[PDB]
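**Q**
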RNA sequence: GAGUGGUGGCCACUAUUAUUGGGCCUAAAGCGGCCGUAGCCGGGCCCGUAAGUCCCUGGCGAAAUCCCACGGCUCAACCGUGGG
RNA sequence: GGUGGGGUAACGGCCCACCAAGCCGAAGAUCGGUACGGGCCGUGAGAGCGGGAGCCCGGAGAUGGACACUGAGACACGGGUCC
Ligand SMILES: [Mg+2]
Ligand SMILES: [Mg+2]
Ligand SMILES: [Mg+2]
Ligand SMILES: [Mg+2]
Ligand SMILES: [Mg+2]
Ligand SMILES: [Mg+2]
Ligand SMILES: [Mg+2]
Ligand SMILES: [Mg+2]
Ligand SMILES: [Mg+2]
Ligand SMILES: [Mg+2]
Ligand SMILES: [Mg+2]
Ligand SMILES: [Mg+2]
Ligand SMILES: [Mg+2]
Ligand SMILES: [Mg+2]
Ligand SMILES: [Zn+2]
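Chains as they are written, first to last, in the working numbering: chain C, 1 to 151; chain A, 1001 to 1107; chain W, 2001 to 2173; chain R, 3001 to 3129; chain X, 4001 to 4125; chain L, 5001 to 5242; chain B, 6001 to 6146.
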């Protein structure tokens, strides 16, 4: 169920089980990596790039091509960006939550009696702390990195 | 040199008379393995070992920990967080009866 | 802790006043002429012990279990309670009457030494009966099969004379 | 959350056989569930079963025959020595050779009769009768 | 008087209530503060198991050894310093490890006079 | 023992290797210090009175001993507290009978009859070896007695070897090395009183004792401690064993 | 309420703590371990006691019964406390006189307390001047020292 | 039945302490609500390790006490020789 | 806890001189209550619950509190000194 509201929505994607890319897809791996780099340099987020690739170029997920360099693994958008040095420094979902929290902290300065919007702030910060604990454990963040709202 | 454990000695030498590798200290008895949890006093460390105890009535296990104070020679000089091997000796102070004889995995 | 204390060798009923149990026990007491209930209870306990040993060994396996199994069978058929070809299962079909038939009193009555159970009891207690050349004065002694046929009047007894008046009356029946 | 795939499978089977279902789908598959199904099939408690691949963990399709009184998992997974099977039988089964306990040993998953024959112990994980 | 049995404190800091009397085999004795004097003086102590210890109370001579292995019996002048106690040097107390001055140079004591009854020292350079 | 040594011994606390009735009386004989240890020896009084049966009471048993009727390793023993132990020899010359003391298959001590020719030798296991003043070698045996040898012979003797000694003169007449193929007899443990040949030797770190493997007559292998294995011959026993 | 907890394999400590915690809700266990009966028992844990009679009284029965029950006040020799003791038997109160010494014991009601229609009385008289009271009530014996 | 009753204590009765194995809508019992630190419980596959776990074997856990057969006191209670 | 000593039959903060700031604790320290420990014993289908005088093995005491002589061994129940 939902983490805080305990609702039970079920909507999501229903991906068919396939191994090989479809026959009608004509792009090679070089074309797809060029497209991903170009879209990233236009400034889109990682989740948005895949949406554009699916909608406009007819490419179901890039997780259908084997990594040309490492045969053990398949290809993903963040891996493609890592191969060129355009990958984000902070993981994206943590960054989005931090951005949402900062905007809400300036709303609460002019509206100190808005107590219902403040619980939302507390829940957002709980999510942030869970994420930073996970990323510290895996080494994606330095040992000293800390979330301080006054920063 | 070998002192009976069949493990590799430390790289450099020391001048501690209480060092089994380079001094007059003799080891005999138990040999335990553990993790350092304190190194504040001079030449003394605290080593923790964890084990399981069987509760017969409830047919389940519980976790217990044993903490031992050990003499730390300057040739080895263990720090907080690494795996060490300790051996039993004659009394050395009020609470010290073991000596560190090897660091197996530096922190 | 505590040192050893000697324990009773019989067990008492869980409820003292149960009508059916009282009827059954009265029938047995009158037929075999026992002095008190505890005597009867003694024999009952013996039976239960045998049964408890058979139930435990049917469910066991290993080397000691087989030794104890053959020891139980040998002891049971030495006392005359089982035929010489019986198996462990036949232990569970024994009854209380089988044990009461092995008392020295009952055997003296059945061999024709005495006319009655009570007379047999007295004959034993006063010392007129010998078993394998030795005088025994306990009416509850359990007789081994191997010695059953050497049971006679004691060679010093008044009754060891075919002309004694009381012996003749016993022969008369 | 989901904590134990094997308990779900056995409770699902025992729920479905009480209303006369003829087949079931075990949704999270695993190798251990496959072993338990093989042992159950060898003794005639179920029919044929097969593995179906989605892009996820996979599914098992099982045929029922109406021959199960009850089936369940054992938690925690108690260790048992090679000569202590009788008391677990009395705890879980209805008569002296009625049904099986399923044991994980360092030679594989097997019924407690085979394990007792080989003379080894292991871990109790399920019972079926 | 001088009991060397055990401490009445646990390593956590709590107190211990004594559960028996002091046994005789646990007692110590008065320290011998071996001084420098004109004439030497020693006594004999009967010890556990009926053994003996020679206790030196006043020292006037010493044995000095060089690195070559030869030794000389000379007389003691004074105690230059003694790292064991801050005021041993002023009172001329000799213990193992003290630095003494002789007629052939300074020397460092290597024996225990209260346990052995002689003063042995190695020559300093 | 609040203030000093014990001098008494209750029957119920007696060593488990004696043949004795533990509930018949209260006290038992506390053995004197001597050759063997408490676990592998028994006082002489029980040998005279309980085992062989030459006396009914302790008082007349002491009269036999004080007249010089019993020899242990060829020497007169008069003390009724004197311990008699494994591989010792008991001789009664007046009746002309000899015995060897041996452990049983359950660990208790028994007397085994032997011939007069074999009664003059005693096997002694080498328990330790050291240097003594004058640069001589002292050998310390399994029963506590000692022997001296010159520095020239120092390489013929090692611990666990067996020396065949002639008694009472105490003169060496044989050395039996401990090695593969040697014939051994077990004196303690679960495998006590079994015998056979040596097959393997194994060693361990940090002062744990070493273990040996033995093959018996029928072809079965069993293990024991090295110090529980007594060497008795090269490929056949040199003494009579049950 | 969900499944009983904890059931985990490595959760023995919490399980033992839970059982220990809720055992104190058992009144039988709490009174034995804290020794609550010993602290208030005028007999000091004895099965019988010896005392001196101070006066005779009569106690009314509980409703709906009617009648008067004959009792005495007793001062205990061991600690000086005063209790009330019932005198069983028909006409038994005649054999008691002031300044007599008696042996008393429990009366045998539920939970070691009172019984029947006489609450408040926990003991009964067994001997008078070292002679059994049952004998005196039946006959077969006469009270000494007149 | 040479015993048979009275008082007080512990176990059983009692699944009224519940691991085996109890309860919490209306009968005693779900914190007024939520967030979260230690602890407990944790999805699928492949490779390694061998701490837990399982099997085999050496050295120990005194005697008395417990169970079984056989033997000595008339049988037994008791005591001895062996196996557990 | 470290360094240097003393003392002891012997290792040791056992005790001193100097140098540091360590050591234990909600997985219950510290303090209070009650109690000599065990082999064993009572009860129960078992899982358990309760007890630990008598026989054996270990500890402690000799009116309460301190302290010495002799001896291989005692700070000694039928040996000594003080309150
Ligand atoms: Mg006791
Ligand atoms: Mg004494
Ligand atoms: Mg009740
Ligand atoms: Mg209820
Ligand atoms: Mg609520
Ligand atoms: Mg409420
Ligand atoms: Mg929460
Ligand atoms: Mg898993
Ligand atoms: Mg392991
Ligand atoms: Mg025993
Ligand atoms: Mg007889
Ligand atoms: Mg018999
Ligand atoms: Mg016996
Ligand atoms: Mg206790
Ligand atoms: Zn070193």
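All C-beta atoms in this analysis are idealised placements derived from N, C-alpha and C, irrespective of residue type, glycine included.
Span of the alpha helix (DSSP H) holding residue 2029 (chain W)?
**A** Taken as a continuous stretch (DSSP letters only), the alpha helix (DSSP H) holding residue 2029 (chain W) covers 2019–2032.
**Q** Report yes or no: do the region 1091–1105 of chain A and the region 1066–1079 of chain A share at least 3 C-beta pairs separated by less than 8 Å?
**A** The region 1091–1105 of chain A, when compared against the region 1066–1079 of chain A, does touch it at the 8 Å Cβ threshold.
**Q** Sort out for me which residues DSSP pairs residue 5197 (chain L) with in a bridge.
**A** Partner(s): L:5183, L:5215.
**Q** Relative to the alpha-carbon of residue 3031 (chain R), which residue among R:3018, R:3024, R:3009, R:3046 has its alpha-carbon at the smallest distance?
**A** Among R:3018, R:3024, R:3009, R:3046, the Cα nearest to that of residue 3031 (chain R) belongs to R:3009.
**Q** List, in order along the chain, the chain R residues whose C-beta lies closer than 9 Å to that of residue 17 (chain C)?
**A** The answer, in chain order, is 3053, 3054, 3055, 3056.
**Q** If you measure between the beta carbons of residue 2100 (chain W) and residue 2143 (chain W), is that distance less than 8 Å?
**A** Not a contact, by the Cβ cut-off of 8 Å.
**Q** Along the chain, where does the beta strand (DSSP E) containing residue 4120 (chain X) start, and where does it finish?
**A** First-last of the beta strand (DSSP E) with residue 4120 (chain X): 4120–4123.
**Q** Would you give the residue range spanned by the alpha helix (DSSP H) that residue 127 (chain C) belongs to?
**A** Residues 115–138.
**Q** In three-state DSSP terms, what is residue 5168 (chain L)?
**A** Coil at residue 5168 (chain L), not helix or strand.
**Q** Since residue 4071 (chain X) is in the alpha helix (DSSP H), which residue starts that stretch and which ends it?
**A** Per DSSP, residue 4071 (chain X) belongs to no alpha helix (DSSP H); it is in the beta strand (DSSP E), 4071–4081.
**Q** Taking 8 Å as the cut-off, decide whether the C-beta atoms of residue 5118 (chain L) and residue 5240 (chain L) are in contact.
**A** Closer than 8 Å, so yes.
**Q** Where does the unbroken alpha helix (DSSP H) through residue 56 (chain C) begin, and where does it stop?
**A** Looking at the DSSP string, the run of the alpha helix (DSSP H) that includes residue 56 (chain C) is 46–57.
**Q** Could you give the DSSP three-state label for residue 1046 (chain A): helix, strand or coil?
**A** Strand at residue 1046 (chain A).
**Q** Can you list, in chain order, the residues of the region 1004–1023 of chain A whose Cβ is nearer than 7 Å to any Cβ on chain L?
**A** Residues passing the 7 Å Cβ filter: 1004, 1005, 1006.
**Q** Classify residue 3061 (chain R) as helix, strand or coil using the three-state DSSP reduction.
**A** Strand at residue 3061 (chain R).
**Q** Examine ligand 15 and report whether any of its heavy atoms sits within less than 7 Å of the Cβ of residue 1013 (chain A).
**A** Checking the Cβ of residue 1013 (chain A) against ligand 15 gives yes.
**Q** Pairing CB atoms from the region 90–107 of chain C with CB atoms from the region 55–74 of chain C, are three or more of them under 8 Å?
**A** Contact between the region 90–107 of chain C and the region 55–74 of chain C is absent, because fewer than three Cβ pairs lie under 8 Å.
**Q** Under three-state DSSP, which class holds residue 3079 (chain R)?
**A** Residue 3079 (chain R) falls in the strand class under three-state DSSP.
**Q** Under the assumption that residue 2170 (chain W) contacts residue 2115 (chain W) (Cβ atoms under 8 Å), give the Cβ distance between them as a whole number of angstroms.
**A** 5 Å between Cβ atoms; contact.
**Q** What does residue 1028 (chain A) reach in chain L if we use C-beta pairs closer than 9 Å?
**A** The answer, in chain order, is 5206, 5207.
**Q** In chain order, what are the residue ranges of uninterrupted beta strand (DSSP E) at least 3 long that sit wholly in the region 6035–6072 of chain B?
**A** Fully enclosed beta strand (DSSP E) runs of 3 or longer: 6048–6060.
**Q** For residue 3204 (chain R), go through chain B and note every residue whose CB falls closer than 8 Å to its CB, in chain order.
**A** Chain R is shown from 3001 up to 3129; residue 3204 (chain R) falls before or after that span and cannot be answered.
**Q** Any idea which residues DSSP pairs residue 1103 (chain A) with across the strands?
**A** DSSP, once it has assigned bridges, lists A:1084 as partnering residue 1103 (chain A).
**Q** According to a CB-to-CB cut-off of less than 7 Å, which residues of the region 1049–1070 of chain A neighbour chain B?
**A** Flagged, chain order: 1055, 1058, 1060, 1061, 1062, 1063.
**Q** Would you say residue 1084 (chain A) faces chain L, with C-beta separation under 8 Å as the test?
**A** False, the Cβ-Cβ gap to chain L never drops below 8 Å.
**Q** How big is the Cα-Cα spacing for residue 5038 (chain L) and residue 5199 (chain L)?
**A** Distance between the alpha carbons of residue 5038 (chain L) and residue 5199 (chain L) is about 31 Å.
**Q** Which residues mark the beginning and the end of the beta strand (DSSP E) in which residue 3008 (chain R) is found?
**A** It is not in any beta strand (DSSP E) - residue 3008 (chain R) instead sits in the alpha helix (DSSP H) that spans 3005–3017.
**Q** Pop quiz: residue 1023 (chain A) and residue 1086 (chain A) are said to be a contact at Cβ under 8 Å. What is the actual Cβ separation, rounded to whole angstroms?
**A** Contact doesn't hold; Cβ gap of about 16 Å is too wide.
**Q** Going by CA-CA distance only, name the one from X:4042, X:4004, X:4034, X:4003 that's closest to residue 4136 (chain X).
**A** Nothing in the structure corresponds to residue 4136 (chain X), since chain X is present only between 4001 and 4125.
**Q** Applying the criterion that 16 or more other CB atoms from any shown protein chain within 10 Å of the CB defines a buried residue, is residue 5113 (chain L) buried or exposed?
**A** By the 10 Å Cβ count, residue 5113 (chain L) comes out exposed.
**Q** Since residue 6023 (chain B) meets chain A, which of its residues come closer than 9 Å, beta carbon to beta carbon?
**A** What residue 6023 (chain B) touches in chain A: nothing, since even the nearest Cβ is about 13 Å away.
**Q** Interface residues of chain L around residue 1031 (chain A) at Cβ under 8 Å?
**A** Near residue 1031 (chain A) (Cβ distances below 8 Å), the residues of chain L are 5206.
**Q** Are three or more beta carbon pairs between the region 3054–3067 of chain R and the region 3087–3101 of chain R nearer than 8 Å?
**A** No, the region 3054–3067 of chain R is not in contact with the region 3087–3101 of chain R.
**Q** When we look at the beta-carbon of residue 5152 (chain L) and count the other beta-carbons within 10 Å, is it buried (16 or more) or exposed?
**A** Exposed, since its Cβ has fewer than 16 Cβ neighbours within 10 Å.
**Q** Compute the beta-carbon to beta-carbon distance between residue 4099 (chain X) and residue 4081 (chain X), rounded to the nearest angstrom, for a pair I have assumed lies under 8 Å.
**A** Contact flag correct, Cβ pair sits at about 5 Å.
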